[PDB]
Every structure is written in C-alpha cells, then in structure tokens.
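Worksheet for the structure shown next.
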Amino acid sequence: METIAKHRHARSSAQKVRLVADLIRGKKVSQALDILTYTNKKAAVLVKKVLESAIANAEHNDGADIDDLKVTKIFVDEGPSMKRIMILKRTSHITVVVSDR
Amino acid sequence: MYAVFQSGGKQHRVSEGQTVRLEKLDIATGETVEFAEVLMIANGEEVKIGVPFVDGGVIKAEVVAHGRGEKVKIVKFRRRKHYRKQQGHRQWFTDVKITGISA
Amino acid sequence: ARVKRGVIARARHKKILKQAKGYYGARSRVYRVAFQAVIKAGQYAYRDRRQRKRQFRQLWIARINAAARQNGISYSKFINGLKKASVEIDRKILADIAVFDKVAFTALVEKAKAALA
Amino acid sequence: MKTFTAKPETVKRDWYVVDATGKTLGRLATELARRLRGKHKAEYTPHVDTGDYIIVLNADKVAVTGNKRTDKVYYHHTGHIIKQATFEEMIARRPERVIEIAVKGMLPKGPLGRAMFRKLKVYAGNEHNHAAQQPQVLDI
Amino acid sequence: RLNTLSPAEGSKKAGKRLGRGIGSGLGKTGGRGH
Amino acid sequence: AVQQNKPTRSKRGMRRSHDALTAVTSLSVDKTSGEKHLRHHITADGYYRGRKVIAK
Amino acid sequence: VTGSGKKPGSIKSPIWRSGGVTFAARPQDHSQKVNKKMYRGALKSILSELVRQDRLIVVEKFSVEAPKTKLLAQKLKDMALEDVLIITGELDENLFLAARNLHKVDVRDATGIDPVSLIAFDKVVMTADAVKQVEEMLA
RNA sequence: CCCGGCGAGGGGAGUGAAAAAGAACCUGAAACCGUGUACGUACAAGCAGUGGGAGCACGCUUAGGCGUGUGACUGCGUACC
RNA sequence: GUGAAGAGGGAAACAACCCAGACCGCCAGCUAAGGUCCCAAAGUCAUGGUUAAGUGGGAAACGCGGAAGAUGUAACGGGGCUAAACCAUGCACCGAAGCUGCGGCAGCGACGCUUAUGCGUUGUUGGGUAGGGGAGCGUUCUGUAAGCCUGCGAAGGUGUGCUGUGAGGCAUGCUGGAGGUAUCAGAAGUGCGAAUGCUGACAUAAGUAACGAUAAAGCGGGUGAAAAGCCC
RNA sequence: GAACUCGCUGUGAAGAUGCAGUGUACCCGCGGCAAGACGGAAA
C-alpha cells in the first residue's frame, strides 16, 4: 500500500529539482521534512509542498501512522516545452510515492 | 571406462550413459546401429592399439531425436565495393544414447 | 494510389535493432551507426569462426607439448613416434586423455617410446 | 564434450626456488618465463595463471656471457623535454631490477602479464624469508 | 471455378525496376554509368 | 576553442557526479521550546540559548 | 502548384513540404482495343467450357405472368438456384421490372452479353430463343 | 471532502464500461530525461566488436552440468558514401 | 602477374614482395610460402666450419680498415642469445579459406527408366566492380468479397517462441476498442542511409558567457503565506 | 559519424590519439599557459 503524488508542469529546471530530490530519496519522512525545509534551493519549496500534499492525502484516506512513513520512489522528469523568440522554457513533473512499509 | 570412436569422420570421446552429438545419418529412429570402428578403449588397463580398426570393440548406438543446430547468420560484405549479402544456415544433428562398453 | 512506408521501415528498424544489443550506447540506439555495428559484428563473427579452428589447434598443440615435456619427450619426436606406429588418434583425444587421466597418457607415451625406434 | 578450462580457484600452485649463480642469464630467464606461464603443465590455458610462484636468490653472482658487462646498456626516458644507467652500476646496486626488467620483457604485455609477474620474488641475497611455505628448491 | 484463370508462363513479365537497392542487380547510376 | 566531437552520456554523468548536495545533519532541539532548529540560528518562536529574545 | 520562384533553390520543389510531385500522373483512358474475333473466340471457349462443366442450364422459357418478386423467389427455390444469371432475347416488362432488387439474380439480353457476368455467376439460365440468338450472333 | 496559496496542481469518493477518455482530453515506438531490479568497473590504453570464457542471480530438468541478464581475462581486428 | 573487379597465410604493420583464387558448416587431418628461445606454434634437433666485433641486426669502389642514422633504445620488432648470428647437408614438426574426411544448399554437360519427371548417378561450377540475364518477398486499391475472422477481440504498438538458402511468414501475453481479409489476376505516388535534401521533436558544448553605460543605495511599519526592488 | 579520445620508434594520401613494437598512467572535477587546434586568421 502506497500513496502517489505527482505535480505536473513545474516551473523550474529538471536538473536542480533532481539535485534536491537526490538528497531526500531513501530518507525517513520525519527527518526528511526537517532537512529539506532547511536548504538553499528554491526548488525545495515545490518538493516540500508535494510531499506535504502526499502525506496529507495518505493520512486522510488511509491510516496516518506518521511516525512510520518511508519514501520509496521519487523522480523528476522533463515536461512540456514551448518554442518562442528571445528559446524554450523548461518544465518538469515531480513524482513521489510514499509507503508506510 | 570411456571410449573413443568416430562415425561421421569426427573423433568423439564418449563415456557410458553420455549423450553426444553426431552428424546427420540415414538411420531410422526405431532401430539400433553398430559402430564396429573403434580406436581406443578405456578401462582399468587401457587397450593399446598397434593398428587401427580394432575388432575387439563393439558399440551400440540408438538415435533418440533429430533436429538442426543453432541458427547461424553468415554475412559477406566488402567495404566501398557495394557488395553485401546475408544468409541464414543450420546443420542437422543427431543424438545417440550409448549403453555398454566392450572390453 | 499512394502507399505509406511506415510499416516496412518500422519492421526493418525493429529487426535490425533486435540483433544490435549492448553496443555501448549510441551504436545500440541509433540506426545510422547500428547498421554499421551489426554488419561489422557479423563480419567479425565470420572471420573469428574461421580462425577458431586455428586457435583451438594452437591450444591443443600447446597442451600436447606440455604433456610431452612433463613425460620427458619432445613434442616433435612424440608425434613422429605416434604416426610411425600406425596411430590415427586425433590431437583432441590426446589432449583429453592427457588432461583427464595421467596414467593413460603415461602408458600411451611409453608405448610410443617402445615403438619409437 | 567441450574443451577443458582451468578454474582459477582450482589451480594448485607450489613454490619453486632457483639459483642464477653460474648460469646463462638468457636460458634461466627463458626457463623462469616458461614456468611462470604455466606452459610446462599439461593443464595449461592462456587465460588464467596456471603457473607456480618462483623465487630467485643470489642474483649478485649472475654469470655474464661475452663482453656484455660494459657494451650492453639500457636507456630509459622519464618522459620529459633521458636517464643514463650503466650495466655495472645497476649490477652493483640491485641486480633484481634488471632481472625484473628481463622477466617483464619475457612475459606478454598487459594486465594479465602484470598479474603473472606479481608471482616473481627476486632477492639479492641467498637467504630468504619465504621458507615458512616449505618451498621446493629445484636446481636448473 | 469462379475466378482462377492466369496467364501462360512467359507471356507476362514483371519487368525491371532499377534504382531499388542492391539486391535487384542494377541500383545505381541508372544504368548509364558515371 | 570549438567542439569537434559528440560527448556521450558517460561524460555528462561523470562531470555531473560532483555537484551533488549534502545534508547539514546539524539540527538542534531548543531546551525550552523543544523544537528542532539549526545551530547558531534563531527559532521562529523567538528563543535562543534558553533565554528570551526580541521574538517580534 | 501555386507558389513563388524567388530564391530563399525554389520553394516549389518535389523534395520540400507541400511540393509538387515530379512524376505526376495525368488523366488518360485505360481502355484497350479488343478485336471482334478475339471476343468471339473467348465467348466460344467459355461457352464450350461451361457445358462440359455442367454449369449451364437450358430451359424452353423462363418467365412470370406478373412482376411479383415473391413468385420469382418461389420459382428459383423450386429450381434450387440462388445465384444464377438469366439470359433471354426480347425484353419482357414483367420480368425486367423486377431484376435490380435481387443482387444474386439478374436478367440480361443476348445483345449486350457481358463475359465477366458469365464467368462470375455460378450458373446461367438460357432460353429456347436465346440459345439460337446467341449462336447466330457468334456464328 | 482534504492538502495546497480562496493560485495552479494533486489525492479520495462518485459519474462514466473504460478517467489506463479529465477538457495540455482515440490508439501512444523512436530520438530525449529517469526510477527499481541482476551483473561489471576506481592499475588500466586504441572503430569499443567478435571467438573462447571462470564468475556472479533467476526459470528449468522439480540436480542430469539447459537457457536467460553482465562479462574478469586474452587471440584477432584503422567506421559509411 | 596483381589492384582495377579476391578474402586468406608470411615479411612488425603492405595493392604492385613470396605462397594461395574463399558455396556454407563441423572443438578433424595433410601441405605451399614462412618459422621451430620467449613474446608466439613448432628442434634451445643432428653433422662439417667462420665470427671476438653484437659485423650479424644498413652501407658501393678500394686492401679487420674504408663505414655517419636521427624527438626516446629507434637500421634484430624488445630481450637476450658467442650461438637463440651466419655458410653447407640430413630427418622432423608448426603452418592459410590450398587439398582431403563428414553433413547440407543451387546451377551446368552425359546418359537407363521416365515424359508436361524423381531417381542411379557420372564430372564440374558457386570471389567479383561496370554490365547483362534469370528467379522471388513486403504494401494500397479493384473482381474474387452480400465468402471468411472479428466486442468470447481486427488493425495499429509491444514481448516471447517456431520456421525459410531470402526479402518474410506463423502462434501467442499486454494498452487498444473497430474493422481486417484467404488463394488467383490487374496499376504503382511501391521498399531509404547520406544529395551543405525539406518539415515536427530532441542530445550536444552546460547549468558554462552573461543578466546591457561604474548616478548608489538603505532603515522601521503596512498588504501579501512567502518583501530589498509593491505602498507608507 | 561513433569513441573505453596517453608519449616515443617504424609504416601510413608522405609529421598517426585509433596501424605494428615499446613505455607511462587509480576514477573524476576546479583556476590559469595556451605548446597541440589541419576551426577563422597571420605571405
């Protein structure tokens, strides 16, 4: 049993978001929130928001057991891009799956 | 307790109860064949050979299945010469269950 | 009546890429270089199959020379004795008997020495 | 049946000790290279180290053949914008260096060659500390 | 027999379509050389 | 001063192998508020070293 | 093809998007001249083949008093025929009036006999006058 | 209904046969960017493949030395038009 | 004679130097040139001799001298060989796709049955540019087809296995939810890897220049979740 | 075009990162020289 949260069309680069995500994958949620909230990357706020939404959905629709939450899968993938004249803006999708076990 | 014999022109060292691959032969599946051609017999004391075609060795071979070998693709190509051909190929093979060694 | 080439090109690319697996990135993903990779691999396989007989012949020669030296006889003299004694055992059989059972090879070389002169 | 292949963990390798004093350097070098290669053993395959460990002692009294004591010289370049070493000087300092150079020349070049060369143990003095492995002293 | 009639052998020939690969014989230069 | 070849994925991965960030792993719990906070910082509630601060 | 010949070669090129096809077909009739002797010989050969194959049935006269499709269906069922081609001489209003409704059953005159219909249809129903008319036509 | 910022977006429930049809809306390979899985690599040099090949996990014959995933190591090997 | 239009083996790497004209496959053998100290497979083989200088392992005329080889040994391929160099002879071995041993595929002459032929075979061919000739596979539509399969699952995409000397074909899990189509004949807008070919998407150098007159910015409060570029 | 992109000797469409021999080198980034760079240009 796991809860999936995917934020689409993120307004940030697909690399820096990946750099932020690399530091949180495989870490306990309790300390993951604290460590992520105290970083120097603007992309960190999007990750915090999506993780907060994921945990809120998990606790509302399923047993909270907030202490025993562990992140299993998390990844960022490049999203839609539009061509214009000054260039393409880079968008990303952020996906996080959290399971108690 | 093994033996050495050639049937399709290829030397084979086969022990009792060991399945070996031989070239295709016009041998029916329902009948056994005799390979009177022997070259060496392995036992507690090996039987030396002074001349080939030793009559003291009798080998019974029973074909159990038929088929072709693994498909192999041969490609002949030349650089800058616009010459290139490709063709698949396979070879028939037979398996014989060897029982009993004559000393 | 216009016809669409999508199906034929799709099938050709699929079949050619299927044989091209594990060629260090681009060669296994890009058709342009994948064609060269597969054709060169086929030619290399053909030539290596041709040379495999020679390679295994060299391996058997080395093993037989090692066995003869261990038994205390030169490889050339051993071959001369074996052939002049009316023995048609293939080098593969000699290597197999030498590696597996040492007593049999020792007896064979002793017999060759007996029928050497 | 497929050709027999020696398994690296199944190889049984012993210890051999050879003295180069009063011996032709070329012949003994070739013999050591052959023994390291494992080609002497019947169960030899040119893909794994089937040879035996070799120990060389008393390399100071190696017998020079002909007038190569001074005529023969080796040049090595450090790779800069050259180093000169005379045969007599290197012989007086450490004959093990020239012995190792010759052995490396004998062995095939490559990582496998380096791995096989790792088995050589050359000592300037007659005495050695490897006697704990009950090495078999063979004179050749 | 509803529709099975076919032309006799040799009466109909598929012809030659040059400039189609190398397996079809002539495929380059259009047959006029360089 | 211009490119002549096409670097593959390996070069991009290796060059990007050193930009990975690291966790501070230095959070401290305030004695009074009992809430995690960074070392040598000021808590949101307005506490530091156990004494009172402006806490605006 | 409408466009512009100004150099950007030219936009109206076969190798560019929305470009004209260099080998563009043109409207030309595909009809091929067929000799009268060839047509007569083909008709004779097919007619001779049909009789030897027992695929041709000859009747004195096939007609219906009134243009009733149901009656024609019953008559065909009596003869155990479902896909047959009727060939006759003078056109009859009662029979011709009902011919298009049945796709497997159609009536034709000897003057405009079509070989493709004869070949495709399993069986052909002749007439006492129709056979004489067609044999005179071929001669 | 909840998180989110009364944004966007997401989750649950429900409609809908399908939401794996959600308005960036039929079917969705490749070039391109990843996750998890099995393997190899931090002392080894060159069209990066091939032949042999111990090892490392799995289905198997419910061992019988079979195949699948990678290939430590070496002989050979200077792209296409 | 070779390349042109022939691969292979040896000479370090080679198209004109030597041997040798590749139908395919088999963990078989015998040879040509070339080698038998290791690298690297075979004689550290046997007999009659030269070498003291590494000449061998580069050097004409002239009697060991005449005679210098270079980015780093660099004119034995490296070692070292006083014979592991060289002159002569003997028996051997290694040695290619050359020959033979086994299996298989296609064509071409010669025959006895035989016919719109398969056998018994008898010999041979199967490297190939330009070029010529012959034989075939894939797709649209048309008649076949108001036949057949198909919401119990068609195409299209995708994974597996089998099959054919080949282009290909066959069955099957999966998103997929509506068409496809046997055999036989007829036409191509018919098979893509390149022409600085065109259209849509994307890696690339890379999170690298730089963020554009060097007039210059701040403090408290307010709105805003988030304020140093918003307001006071 | 793709590179698991080292230095010398010889060969080489004639000064070779990719051919033969030899030697060096744990993997990967950061600021400078530009000696290479057949990319422009400099008789």
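FYI the Cβ positions are ideal-geometry reconstructions off the backbone, even for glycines, and counts take in every protein chain you see. All of the numbers you see were taken from the coordinates with simple rules; none came from a lab.
Can you tell me what share of the DSSP beta bridges in chain D is antiparallel? A percent to the nearest 5 is fine.
Beta bridges within chain D, antiparallel portion: roughly 25 percent.
Give me D:54, D:81, G:15, C:8 ranked fewest to most by other Cβ atoms within 10 Å of their Cβ, as a rough exposure proxy.
Neighbour counts put them in this order, fewest first: D:81, G:15, C:8, D:54.
Reachable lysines from residue C:111, Cα under 18 Å, same-chain residues fewer than 8 places away excluded?
The reachable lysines, counting only those whose Cα sits under 18 Å from residue C:111, are B:48, C:77, C:83, C:84, C:102.
Calculate the mean, over all residues of peptide F:27-38, of how many other protein chain Cβ atoms lie within 10 angstrom of the residue's Cβ.
1
Within chain F, how many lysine pairs that are 8 or more places apart, or on different chains, have C-alpha atoms less than 24 Å apart?
4
For residue G:88, which sequence-distant residues (separation of 5 or more, or a different chain) have an amide H within less than 5 Å of its own amide H, given hydrogens modelled in the peptide plane?
Hits under the 5 Å cutoff: G:108, G:109, G:110.
To the nearest whole number, what is the average tally of beta carbon atoms from other chains within 10 Å of the beta carbons of peptide C:96-107?
Neighbouring Cβ atoms belonging to other protein chains average 4 per residue here.
How many percent of all Cα-Cα pairs in segment C:1-93 sit more than 17 Å apart?
Considering segment C:1-93, 69 percent of its Cα-Cα pairs are separated by more than 17 Å.
Could you line up G:33, E:12 from fewest to most neighbouring Cβ atoms inside 10 Å? Mind dumping the intermediate values first?
Numbers: G:33 5, E:12 9.
Final ranking by Cβ density, sparse to dense: G:33, E:12.
Mind jotting down a quarter of the surface of the convex hull over the alpha carbons of segment F:1-55, in square nanometres, one decimal? If you can, show how the numbers build up before the last one.
Working: hull surface 29.7 nm².
With every direction weighted equally, the projected area is 7.4 nm².
Based on DSSP, what percent of beta bridges with both residues in the protein assembly as shown are antiparallel, to the nearest 5?
Taking every DSSP beta bridge within the protein assembly as shown, about 75 percent pair in antiparallel fashion.
Residue farthest toward the positive end of the dipole of chain A, with Cβ of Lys/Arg at +1 and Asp/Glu at -1: which of A:54, A:93, A:74?
A:93
Rounded to the nearest 20 debye, what is the charge dipole size of segment F:1-55 about its Cα centre when +1 sits on each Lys and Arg Cβ and -1 on each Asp and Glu Cβ?
400 debye
How compact and how long is chain G, expressed as Rg and Dmax of its alpha-carbon atoms in Å?
25.0, 80
Within the P(r) computed for chain D, what percentage of the Cα pairs occupies the region above 20 Å? List each step's numbers first, then the result.
Values: 5102 of 9730 pairs.
When every Cα pair of chain D is considered, 52 percent fall beyond 20 Å.
With unit charges on the beta carbons (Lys and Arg positive, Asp and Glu negative) and the dipole taken about the Cα centre of chain D, which residue among D:36, D:48, D:123 sits farthest to the positive side?
Selected residue: D:48.
Over the Cα atoms of the protein assembly as shown, what is the Rg over Rh ratio if Rh follows Kirkwood?
Numbers: Rg = 45.8 Å, Rh = 39.5 Å.
Ratio of gyration radius to Kirkwood radius for the protein assembly as shown: 1.16.
Please enumerate, by chain and number, the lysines with C-alpha under 23 Å from the C-alpha of residue G:70, excluding those fewer than 8 residues away in the same chain.
Here the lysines satisfying the reach criterion relative to residue G:70 are G:61, G:104, G:123.
Would you mind pulling out the separation of the Cα centroids of segment B:58-74 and segment A:59-101, in Å?
For segment B:58-74 versus segment A:59-101, the Cα centre distance is 57 Å.
Place a +1 charge on the Cβ of each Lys and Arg in the protein assembly as shown and a -1 charge on the Cβ of each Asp and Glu, then give the dipole magnitude about the Cα centre in debye, rounded to the nearest 20.
5020 debye
Shielding by partners for B:69-76, please: the mean number of other protein chain Cβ atoms within 10 Å of each residue's Cβ. It would help to have the intermediate numbers written out before the result.
On the way: counts 0, 0, 0, 3, 4, 5, 8, 3.
Across the residues of B:69-76, the mean count of other-chain Cβ atoms within 10 Å is 3.
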